[PDB]
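File shown: final-v2.cif (mmCIF, N, CA and C atoms and all ligand atoms).
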```
data_my_file
loop_
_atom_site.label_atom_id
_atom_site.label_comp_id
_atom_site.auth_asym_id
_atom_site.auth_seq_id
_atom_site.Cartn_x
_atom_site.Cartn_y
_atom_site.Cartn_z
N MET A 1 15.99 2.77 21.75
CA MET A 1 16.04 1.34 21.38
C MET A 1 16.57 1.18 19.96
N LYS A 2 16.11 2.03 19.08
CA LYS A 2 16.57 1.95 17.66
C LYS A 2 16.45 3.30 16.98
N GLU A 3 17.55 3.83 16.52
CA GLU A 3 17.51 5.15 15.84
C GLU A 3 16.38 5.19 14.81
N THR A 4 15.65 6.27 14.80
CA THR A 4 14.53 6.38 13.83
C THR A 4 15.03 6.72 12.44
N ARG A 5 14.74 5.87 11.50
CA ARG A 5 15.18 6.12 10.11
C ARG A 5 14.06 6.80 9.38
N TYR A 6 14.27 7.14 8.16
CA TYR A 6 13.17 7.83 7.40
C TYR A 6 13.27 7.56 5.90
N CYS A 7 12.38 8.18 5.13
CA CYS A 7 12.40 7.97 3.67
C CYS A 7 13.82 8.23 3.16
N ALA A 8 14.60 7.18 3.17
CA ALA A 8 16.00 7.29 2.70
C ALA A 8 16.13 8.03 1.39
N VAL A 9 15.03 8.18 0.68
CA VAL A 9 15.11 8.90 -0.63
C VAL A 9 14.64 10.32 -0.65
N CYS A 10 13.44 10.55 -0.19
CA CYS A 10 12.95 11.95 -0.23
C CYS A 10 11.65 12.33 0.57
N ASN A 11 11.56 12.09 1.87
CA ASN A 11 10.28 12.49 2.56
C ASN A 11 10.42 12.52 4.08
N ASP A 12 10.11 11.42 4.71
CA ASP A 12 10.21 11.37 6.20
C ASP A 12 9.96 9.96 6.69
N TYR A 13 9.58 9.83 7.95
CA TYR A 13 9.31 8.46 8.51
C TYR A 13 8.75 7.52 7.46
N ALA A 14 9.59 6.67 6.99
CA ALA A 14 9.18 5.69 5.96
C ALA A 14 8.13 4.74 6.52
N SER A 15 7.21 4.34 5.69
CA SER A 15 6.17 3.41 6.18
C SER A 15 6.78 2.10 6.66
N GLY A 16 7.98 1.82 6.21
CA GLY A 16 8.65 0.56 6.64
C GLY A 16 9.66 0.10 5.59
N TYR A 17 10.17 -1.09 5.79
CA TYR A 17 11.16 -1.64 4.84
C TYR A 17 10.46 -2.20 3.59
N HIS A 18 11.00 -1.89 2.43
CA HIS A 18 10.38 -2.38 1.16
C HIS A 18 11.46 -2.83 0.19
N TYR A 19 12.45 -2.00 0.03
CA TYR A 19 13.57 -2.33 -0.90
C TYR A 19 14.70 -2.95 -0.13
N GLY A 20 14.85 -2.47 1.05
CA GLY A 20 15.92 -2.96 1.96
C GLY A 20 16.38 -1.74 2.73
N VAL A 21 15.54 -0.74 2.67
CA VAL A 21 15.81 0.54 3.36
C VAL A 21 14.52 1.14 3.87
N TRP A 22 14.62 1.93 4.88
CA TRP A 22 13.40 2.55 5.42
C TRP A 22 12.99 3.61 4.43
N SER A 23 12.40 3.16 3.34
CA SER A 23 11.96 4.11 2.28
C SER A 23 10.48 4.48 2.35
N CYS A 24 10.21 5.56 1.70
CA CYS A 24 8.85 6.12 1.63
C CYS A 24 7.79 5.13 1.09
N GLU A 25 6.62 5.68 0.82
CA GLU A 25 5.48 4.88 0.28
C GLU A 25 5.27 5.23 -1.19
N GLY A 26 4.85 6.45 -1.41
CA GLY A 26 4.61 6.91 -2.81
C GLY A 26 5.93 7.06 -3.54
N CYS A 27 6.78 7.94 -3.05
CA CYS A 27 8.08 8.12 -3.73
C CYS A 27 8.74 6.75 -3.91
N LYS A 28 8.36 5.83 -3.08
CA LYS A 28 8.94 4.47 -3.18
C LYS A 28 8.49 3.87 -4.52
N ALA A 29 7.26 4.14 -4.86
CA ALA A 29 6.72 3.62 -6.14
C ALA A 29 7.52 4.18 -7.31
N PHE A 30 7.80 5.46 -7.24
CA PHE A 30 8.57 6.10 -8.34
C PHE A 30 9.81 5.28 -8.62
N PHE A 31 10.47 4.94 -7.58
CA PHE A 31 11.71 4.13 -7.73
C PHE A 31 11.43 2.80 -8.43
N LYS A 32 10.30 2.22 -8.13
CA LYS A 32 9.94 0.91 -8.76
C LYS A 32 9.74 1.07 -10.26
N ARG A 33 9.14 2.14 -10.64
CA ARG A 33 8.90 2.38 -12.08
C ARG A 33 10.14 2.96 -12.75
N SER A 34 11.08 3.37 -11.94
CA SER A 34 12.34 3.96 -12.50
C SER A 34 13.59 3.09 -12.32
N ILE A 35 13.49 1.98 -11.62
CA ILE A 35 14.74 1.14 -11.45
C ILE A 35 15.55 1.06 -12.73
N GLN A 36 16.76 0.59 -12.58
CA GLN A 36 17.68 0.46 -13.74
C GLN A 36 18.14 1.83 -14.17
N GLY A 37 19.35 1.91 -14.55
CA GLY A 37 19.89 3.22 -14.99
C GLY A 37 19.21 3.66 -16.28
N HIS A 38 19.40 2.86 -17.29
CA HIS A 38 18.79 3.15 -18.63
C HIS A 38 17.46 3.89 -18.51
N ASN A 39 17.52 5.18 -18.69
CA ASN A 39 16.29 6.00 -18.60
C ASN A 39 16.59 7.44 -19.05
N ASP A 40 15.64 8.05 -19.71
CA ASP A 40 15.86 9.45 -20.18
C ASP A 40 15.73 10.44 -19.06
N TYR A 41 16.06 9.99 -17.97
CA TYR A 41 15.99 10.83 -16.75
C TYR A 41 17.03 11.94 -16.78
N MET A 42 16.66 13.09 -16.30
CA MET A 42 17.61 14.22 -16.28
C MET A 42 17.02 15.39 -15.49
N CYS A 43 17.87 16.07 -14.78
CA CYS A 43 17.40 17.24 -13.97
C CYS A 43 17.59 18.56 -14.78
N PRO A 44 16.66 19.53 -14.64
CA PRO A 44 16.78 20.80 -15.38
C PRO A 44 18.07 21.58 -15.03
N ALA A 45 19.06 20.92 -14.49
CA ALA A 45 20.31 21.65 -14.15
C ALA A 45 21.41 20.69 -14.01
N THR A 46 21.07 19.54 -13.60
CA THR A 46 22.08 18.52 -13.43
C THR A 46 23.25 19.04 -12.58
N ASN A 47 23.05 20.17 -11.98
CA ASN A 47 24.12 20.77 -11.13
C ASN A 47 24.03 20.25 -9.72
N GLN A 48 23.30 20.94 -8.94
CA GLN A 48 23.12 20.55 -7.51
C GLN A 48 21.69 20.84 -7.06
N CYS A 49 21.20 20.04 -6.15
CA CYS A 49 19.82 20.26 -5.66
C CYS A 49 19.41 19.15 -4.70
N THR A 50 18.82 19.53 -3.60
CA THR A 50 18.38 18.52 -2.61
C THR A 50 17.00 17.99 -2.96
N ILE A 51 16.87 16.70 -2.96
CA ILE A 51 15.55 16.09 -3.30
C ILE A 51 14.70 15.94 -2.01
N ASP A 52 13.43 16.27 -2.11
CA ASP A 52 12.54 16.16 -0.91
C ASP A 52 11.09 15.89 -1.32
N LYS A 53 10.34 16.95 -1.54
CA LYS A 53 8.92 16.76 -1.94
C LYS A 53 8.79 15.68 -3.01
N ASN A 54 7.58 15.27 -3.29
CA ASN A 54 7.37 14.22 -4.32
C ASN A 54 7.15 14.86 -5.68
N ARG A 55 5.91 15.08 -6.01
CA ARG A 55 5.57 15.70 -7.33
C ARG A 55 5.88 14.78 -8.49
N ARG A 56 6.80 13.92 -8.27
CA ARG A 56 7.22 12.93 -9.32
C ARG A 56 7.18 13.55 -10.71
N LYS A 57 7.63 14.78 -10.80
CA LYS A 57 7.63 15.47 -12.11
C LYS A 57 8.61 16.66 -12.08
N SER A 58 9.59 16.57 -11.20
CA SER A 58 10.60 17.68 -11.09
C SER A 58 12.01 17.10 -11.09
N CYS A 59 12.60 16.97 -9.92
CA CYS A 59 13.98 16.42 -9.85
C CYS A 59 13.87 14.89 -9.84
N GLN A 60 13.15 14.40 -10.80
CA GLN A 60 12.95 12.94 -10.92
C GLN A 60 14.26 12.19 -11.03
N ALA A 61 15.17 12.70 -11.81
CA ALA A 61 16.46 11.98 -11.94
C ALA A 61 17.27 12.05 -10.67
N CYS A 62 17.30 13.17 -10.04
CA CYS A 62 18.08 13.23 -8.80
C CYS A 62 17.42 12.31 -7.80
N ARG A 63 16.13 12.15 -7.95
CA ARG A 63 15.41 11.27 -7.02
C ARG A 63 15.89 9.86 -7.27
N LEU A 64 15.80 9.44 -8.51
CA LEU A 64 16.25 8.09 -8.86
C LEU A 64 17.67 7.89 -8.38
N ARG A 65 18.55 8.73 -8.87
CA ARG A 65 19.97 8.62 -8.46
C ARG A 65 20.05 8.55 -6.95
N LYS A 66 19.31 9.41 -6.31
CA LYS A 66 19.34 9.39 -4.85
C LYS A 66 18.85 8.04 -4.38
N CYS A 67 17.89 7.51 -5.09
CA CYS A 67 17.38 6.20 -4.69
C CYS A 67 18.46 5.16 -4.87
N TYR A 68 19.21 5.27 -5.91
CA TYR A 68 20.27 4.27 -6.09
C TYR A 68 21.32 4.57 -5.04
N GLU A 69 21.37 5.82 -4.63
CA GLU A 69 22.36 6.21 -3.61
C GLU A 69 21.95 5.62 -2.28
N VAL A 70 20.69 5.58 -2.10
CA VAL A 70 20.13 5.02 -0.83
C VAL A 70 20.66 3.63 -0.66
N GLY A 71 20.79 2.99 -1.75
CA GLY A 71 21.30 1.60 -1.77
C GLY A 71 20.11 0.63 -1.68
N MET A 72 19.11 0.87 -2.51
CA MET A 72 17.89 -0.04 -2.48
C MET A 72 17.99 -1.07 -3.59
N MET A 73 16.89 -1.68 -3.84
CA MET A 73 16.82 -2.68 -4.88
C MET A 73 15.38 -3.06 -5.07
N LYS A 74 14.93 -2.88 -6.27
CA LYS A 74 13.51 -3.20 -6.62
C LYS A 74 12.89 -4.23 -5.68
N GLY A 75 13.67 -5.22 -5.37
CA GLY A 75 13.17 -6.29 -4.46
C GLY A 75 12.12 -7.14 -5.16
ZN ZN B 101 10.55 9.34 -0.64
ZN ZN B 102 17.95 18.04 -9.43
#
```

Encoding of this model in structure tokens:
Amino acid sequence: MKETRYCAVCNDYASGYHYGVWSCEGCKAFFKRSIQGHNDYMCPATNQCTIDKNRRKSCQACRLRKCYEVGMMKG
């Protein structure tokens, strides 16, 4: 009936629509506190790396960027 979407940013079956995408719950909060580019965000490599687990204390910038990649909006 409808393709199953998931945490467009970093997890799995999103609890539902919040930003405008089937995004996560907790990691979703990270995005709320991180919206807007202006931020001292940065990855310990800035090279390449897939974002998944939360921890909200590791690839935080790739997460954010990925969140902006998701195409969300604080809402
Ligand atoms: Zn997530
Ligand atoms: Zn990274």

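Relative to atom C of residue 72 of chain A, atom N of residue 22 of chain A is found at 9.6 Å.
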
Discussion item. Residues contacting ligand ZN 102 (chain B) - anything with an atom at most 8 Å away, using all atoms listed in the file - can you give me those as JSON, numbers by chain?
Written reply: {"A": [42, 43, 44, 45, 46, 47, 48, 49, 50, 51, 58, 59, 60, 61, 62, 63]}

Practice prompt. Name the residues of chain A that come out as alpha helix (DSSP H) in a backbone DSSP run; write them as a PyMOL selection string.
Written response: chain A and resi 26-34+60-70

Practice prompt. Give me, please, the distance in Å between atom C of residue 36 of chain A and atom N of residue 5 of chain A, quoted to one decimal.
Written response: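 Between atom C of residue 36 of chain A and atom N of residue 5 of chain A the gap is 26.2 Å.
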
Fill in: Spatial neighbours of residue 14 of chain A, max dist 12 Å, only C-alpha atoms, sep filter under 6 positions, as a PyMOL selection string
chain A and resi 4-8+20-28

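Proximity to ligand ZN 101 (chain B) was assessed for A:38, A:2, A:33, A:55 counting only C-alpha atoms and all ligand atoms; the smallest distance is recorded for A:55.
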
Fill in: Polymer residues at most 12 Å from residue 75 of chain A, only C-alpha atoms, same-chain spacing of 6 or more positions, as a PyMOL selection string
chain A and resi 17-21+28-29+31-32+35

Worksheet item: Pick the closest to ligand ZN 101 (chain B) from A:3, A:69, A:40, A:52: which is it, counting only N, CA and C atoms and all ligand atoms?
Response: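 Once distances to ligand ZN 101 (chain B) are computed over only N, CA and C atoms and all ligand atoms, the minimum belongs to A:52.
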
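Running DSSP on the backbone and keeping only strand (DSSP E or B), the residues of chain A that qualify are residues 16, 17, 22 and 23 of chain A.
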
Worksheet item: Mind pulling up the distance from atom C of residue 16 of chain A to atom N of residue 41 of chain A?
Response: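 Between these atoms lies a distance of 26.3 Å.
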
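With distances restricted to all atoms listed in the file, A:10 is the closest residue to ligand ZN 101 (chain B) from A:57, A:10, A:1, A:37.
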
Worksheet item: Given the choices A:54, A:11, A:39, A:34, which gets closest to ligand ZN 101 (chain B) if the distance is worked out from only N, CA and C atoms and all ligand atoms?
Response: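 So, comparing all the options, the nearest one is A:11.
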